[PDB]
Amino acid sequence: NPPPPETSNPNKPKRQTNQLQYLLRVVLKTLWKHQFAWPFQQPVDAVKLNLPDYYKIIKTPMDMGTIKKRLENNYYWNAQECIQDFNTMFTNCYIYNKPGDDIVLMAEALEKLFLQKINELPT
Ligand SMILES: Cc1cc(/N=N/c2ccc(S(=O)(=O)Nc3ccccn3)cc2)c(N)cc1O
């Protein structure tokens, strides 16, 4: 496995916004507690899971464990950066896996919920 994505940025300034607070306390928390969250709570462990070619296929890995730590560490300056990371996580699943796969159905359920929660992101 590669190192996990960075979760801190020392050369960056930090802020908190209402949108960032919402992304952590509402969006991330709600997805985290979904019945299908567990495969998405940490980086894909291709060695342990014996996933052929995962990191040959997926060059931009992302997961909710990483997103959570980024939020907790005020890694994101712009809310969009966080939204993009969720989207990368879902897209990776669709790149690597096939229609009907259990992991795809799980991703789909999480994405649906994500969209519901981002729809209610405060202005
Ligand atoms: C994001 C992602 C995760 C995957 N698999 N994740 C797993 C996590 C845990 C297990 S397990 O073997 O540790 N636990 C299981 C496996 C099956 C049934 C119940 N528990 C298996 C796959 C997978 N493939 C493809 C993907 O694109």
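As summarised from the PDB record, the model derives from X-ray crystallography at a stated resolution of 1.20 Å.

> In this structure, what is going on with the side chain of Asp 63? I would like to understand it.
One can find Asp 63 in the loop between helix 3 (54-57) and helix 4 (64-72). No salt bridge forms around the buried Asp 63; measuring N to O, its nearest opposite-charge neighbour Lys 69 is 6.7 Å away. Of the polar contacts made by the side chain of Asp 63, one reaches the side chain of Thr 66; its length is 2.7 Å. When sequence neighbours within four positions are dropped, the list of residues in contact with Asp 63 reads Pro 5, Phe 40, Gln 41, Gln 42, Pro 43 and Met 89.

> Would you mind showing me how to read the site of the ligand here?
Around the ligand, the structure places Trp 38, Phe 40, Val 44, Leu 49, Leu 51, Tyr 54, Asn 97 and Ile 103. Within the side chain of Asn 97, one N or O atom sits 2.8 Å away from an oxygen atom of the ligand. Per-class residue counts for the shell around the ligand are seven nonpolar, one polar and no charged.

The rules behind each value
Residues numbered from 1 in each chain as written, not as in the entry; some residues may be left out. Heavy atoms only, no water. Residues with missing side-chain atoms left out of burial classes, pairs and counts. Helix = DSSP H or I, 4+ residues; strand = E, 2+ residues; numbered from the N terminus. Buried < 20%, exposed > 50% of the residue type's maximum accessible area, 1.4 Å probe, protein only. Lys, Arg positive; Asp, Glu negative; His and termini not counted. Salt bridge = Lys/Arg side-chain N within 4 Å of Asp/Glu carboxyl O. Polar contact = N/O pair within 3.5 Å; in protein donor to acceptor, adjacent residues only side chain to side chain. Contact = heavy atoms within 4.5 Å. Near = heavy atom within 4 Å. Nonpolar A, V, L, I, M, F, W, Y, C, P; charged D, E, K, R; others polar.

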